[PDB]
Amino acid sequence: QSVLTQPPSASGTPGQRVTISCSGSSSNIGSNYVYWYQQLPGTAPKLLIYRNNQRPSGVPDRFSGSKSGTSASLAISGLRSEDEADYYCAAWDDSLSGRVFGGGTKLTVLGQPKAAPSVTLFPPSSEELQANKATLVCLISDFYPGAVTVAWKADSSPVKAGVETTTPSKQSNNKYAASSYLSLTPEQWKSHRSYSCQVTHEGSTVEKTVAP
């Protein structure tokens, strides 16, 4: 090898232990140090382990690293929901004369209660309708798990075109939130007598209606 191979995902129950693997060759792990990094969504990587098993100041002592042969491992005891992040292994490579990363491992911590989403549908602004444009903004937030389907209705009629939607992302209180947009010409907004945003999650469904 000349690259580092990690499993793409991992998960575990809080309060317990989970480990992440990292496989390399004699040119990297088999000859040099291994270091680990944690990357929370939207942030830069943070050094967790250096020199195979040493902990920088501030890193919780529940993080533990090890190396043997051409493989390295990152152990996490007493799992906490705040440990949900991406984890990278990295090492120097003598063949490439450069530093090489692993693919990364998505860690998912479980045990979070299931919460219903809060959906808000916005009408087009008067300023937007002035510029001969009209957009419906359906905002979804405060739900777990992160599975959601959005349906748009135009006077009890389904609408497929002009629908753009986002993938559920994490918010500050460690829940999920997503948004959906409905591009519309001003005539169509005034034309129909009602527009609806239908969000389905855990089978439950919330529907918000807007009319000019």
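Throughout, we count residues from 1 along the sequence that is shown.
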The stretch carrying the higher mean Cα B factor in the deposited entry, 97-105 or 135-143, is 135-143
In the PDB record, does 78-86 or 110-118 carry the higher mean Cα temperature factor?
110-118
Options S26, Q39, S172, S179 - largest CA temperature factor per the record
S172
For the C-alpha B-factor as written in the entry, point me to the maximum among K160, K67, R55, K46.
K160
Of the three thirds of Cα B-factor ranks in this chain, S73 occupies the lowest
Going by the entry, which third of its chain does the Cα temperature factor of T166 land in?
middle
Chain third (lowest, middle, highest) by recorded CA B-factor, residue given as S156:
highest
By the entry's values, the third containing the CA B factor of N32 is the lowest
